[PDB]
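In: Show me how the following folds:
(one chain, ligands or ions: 4)
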Amino acid sequence: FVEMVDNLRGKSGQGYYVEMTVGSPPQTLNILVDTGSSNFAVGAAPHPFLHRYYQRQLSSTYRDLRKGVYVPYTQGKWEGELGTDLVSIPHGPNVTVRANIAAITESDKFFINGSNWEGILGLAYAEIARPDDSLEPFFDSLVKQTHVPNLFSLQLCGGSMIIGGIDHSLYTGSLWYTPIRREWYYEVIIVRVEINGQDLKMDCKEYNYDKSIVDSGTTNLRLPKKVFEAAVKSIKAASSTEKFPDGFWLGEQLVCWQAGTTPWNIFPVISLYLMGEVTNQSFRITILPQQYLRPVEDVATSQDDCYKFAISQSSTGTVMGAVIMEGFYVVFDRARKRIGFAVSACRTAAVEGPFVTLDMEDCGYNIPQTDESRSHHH
Ligand SMILES: CCCc1scc(-c2cn[nH]c2)c1C[C@H](NC1=NC(C)(C)Cc2cc(Cl)ccc21)C(=O)O
Ligand SMILES: [Zn+2]
Ligand SMILES: [Zn+2]
Ligand SMILES: [Zn+2]
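Out: Residues are numbered from 1 along each chain as shown. Ligands and ions are numbered 1, 2, ... in the order given. Below you will find the coordinate block:
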């Protein structure tokens, strides 16, 4: 993984992309890494915000699956035609595979203004792939076609998606693993939450309601409604020397200080304790104010340092987004159904354990089984 270090570009606001070479003759495109989804989908027509798109008509190796796919999000959507093509990864391992690829032909609110990426690489499992779980995800094709070890890691600074390996130059200190609770999203278990060493003291199921996932495709740390409210009440108590407007706590508004006077100082650390591999252990990742107060420097208040609060409310569980992954080298150890975290080599954000609980309760939440998911065979 000499040749693989530093193969990523981007930032939390706009995302992290990897280079991918699709078809013969080759088209090299910038692809958003997304651990919250399972489709390889590329922009495939002109669009105001796209610098490059996939031109199926220049690819001699493209095969139409003669099926469309419709992907709605709360916020927008994308759709296109399913196909397959040859894929290799310029920085990645020296292999070529034939993968599913959705040619995005229409979308709404998916591509963002000068993102520098043209496509999405869904790295979660086939259980959440569209249109259904028989469309094999990219990484599943990679591993089955090539003997690449079944693991990848993300160092989110530039940055590095390391394929099939762990690289020790990328982190310092302990690598701590938390078990994958279920292979669909990269679902994990949060056993405890502290804000400035103070335990939030909720039933630990409330932290994983209805799931907790590790998602490179979302910007914020997202927290279930009740957890969000309790954290904001607490973070608020800790910085009560500054009274912000509501819109700031809603993520709707910047607050500012005279350039270089920010009182980081009054903002607390957030520790999430992740379930350990050993069954009464846990470990914690500690989030700095700098990870959750994101700088945005707009225009006419050029002289101030200004920030967005990057913790937001959720009704679909906890999402450990990019602002959280950034401080860490994260190892998606698929082969062993675990996720590893260590301090990135790119206060300090900390990975710390072990913490032992004598009576450790089950913190996972079982989602009500709909007749729909019960019907389908697997
Ligand atoms: C760390 C990368 C975060 C990114 S990259 C592009 C966007 C985006 C926002 N609106 N449209 C795209 C975002 C923000 C992100 N939203 C989204 N992330 C991806 C691109 C993975 C899927 C998606 C589809 C749609 Cl249709 C709208 C937003 C998003 C979020 O909700 O936090
Ligand atoms: Zn490159
Ligand atoms: Zn059957
Ligand atoms: Zn299935």
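In: By proximity to ligand 1, which residue of the stretch 101-250 of the chain wins?
Out: residue 217 (3.0 Å; C-beta to the nearest ligand atom). Placement of C-beta: from N, CA and C, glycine included.
In: Could you report the separation of that residue from residue 35?
Out: 7 Å (C-beta to C-beta, to the nearest Å).
In: Compare these two (neighbour count), which wins?
Out: residue 35 (25 against 20; other C-beta atoms under 10 Å).
In: For the stretch 101-250 of the chain, which residues are neighbours of ligand 4?
Out: Contact residues (C-beta under 5 Å from the ion) of the stretch 101-250 of the chain with ligand 4: residue 133.
In: Near ligand 1, which residues of the stretch 1-150 of the chain are found?
Out: 12, 14-15, 32, 34, 36, 73, 75-77, 109-110, 112, 120 (C-beta under 6 Å from any ligand atom).
In: Just the buried ones among those, please.
Out: Neighbour counting with 16 or more other C-beta atoms under 10 Å marks 12, 14, 15, 32, 34, 36, 110, 120 as buried within those.
In: And the next helix or strand past the one helix or strand the last one maps to?
Out: Residue 120 belongs to strand 119-122 when elements are defined using DSSP states H and E. Going down the chain from strand 119-122, the next helix or strand is helix 138-146, by DSSP H and E.
In: got the CA coordinates for that next one in PDB?
Out: What follows is helix 138-146, C-alpha atoms only, in PDB (Å, rounded to 0.1, in the frame of the first residue of the first chain):
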ATOM      1  CA  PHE A 138     -18.700  -3.000  -6.200                       C
ATOM      2  CA  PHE A 139     -16.400  -4.200  -3.300                       C
ATOM      3  CA  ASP A 140     -18.200  -7.600  -3.200                       C
ATOM      4  CA  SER A 141     -17.200  -8.000  -7.000                       C
ATOM      5  CA  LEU A 142     -13.700  -6.800  -6.200                       C
ATOM      6  CA  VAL A 143     -13.100  -9.400  -3.500                       C
ATOM      7  CA  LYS A 144     -14.800 -12.300  -5.400                       C
ATOM      8  CA  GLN A 145     -13.000 -11.600  -8.700                       C
ATOM      9  CA  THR A 146      -9.600 -11.000  -7.300                       C
END
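In: List the buried residues for it?
Out: Neighbour counts over helix 138-146 (16+ other C-beta under 10 Å) mark 138, 139, 140, 141, 142, 143 as buried.
In: Please state the offset of that helix from the chain centre?
Out: 21 Å (C-alpha atoms, centre = their mean, to the nearest Å).
In: One more: stretch 189-196?
Out: That offset, for stretch 189-196, works out to 19 Å (C-alpha atoms, centre = their mean).
In: which residues are contacting stretch 256-267?
Out: In this structure, residues lying in contact with stretch 256-267 by C-beta atoms under 8 Å, 6 or more residues apart in numbering are 235, 238-239, 241-242, 289-290, 293, 301, 303-307.
In: could these go into a markdown table alongside neighbour count?
Out: Formatted as a markdown table, those follow (neighbours: other C-beta atoms under 10 Å):
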| residue | neighbour count |
| --- | --- |
| 235 | 20 |
| 238 | 15 |
| 239 | 15 |
| 241 | 8 |
| 242 | 12 |
| 289 | 20 |
| 290 | 17 |
| 293 | 19 |
| 301 | 12 |
| 303 | 8 |
| 304 | 18 |
| 305 | 17 |
| 306 | 19 |
| 307 | 22 |
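In: Tell me the one of those residues nearest residue 92?
Out: Nearest to residue 92 out of these is residue 290 (C-beta to C-beta; 30.8 Å).
In: Surely residue 372 is within a strand?
Out: No - under DSSP: H, G, I helix; E, B strand; the rest coil, residue 372 falls outside any strand and is assigned helix.
In: With ligand 1 as the reference, measure out to it.
Out: From residue 372 across to ligand 1, the span is 23 Å (C-beta to the nearest ligand atom, to the nearest Å).
In: So what's the residue count around that residue?
Out: 7.
In: mind starting the numbering at 490 from now?
Out: Fine by me, first position is 490 from now on; the one you just mentioned is residue 861.
In: Neighbouring strands - and their directions - for the strand holding residue 609?
Out: strand 516-523 (parallel), strand 529-532 (antiparallel) (DSSP bridges).
In: How far off centre is it?
Out: The answer for strand 608-611 is 12 Å, by C-alpha atoms, centre = their mean.
In: what residues does that strand touch?
Out: Applying C-beta under 8 Å, 6+ apart, the set of residues contacting strand 608-611 is 507, 509, 518-523, 525-532, 543, 593, 618, 626-627, 706.
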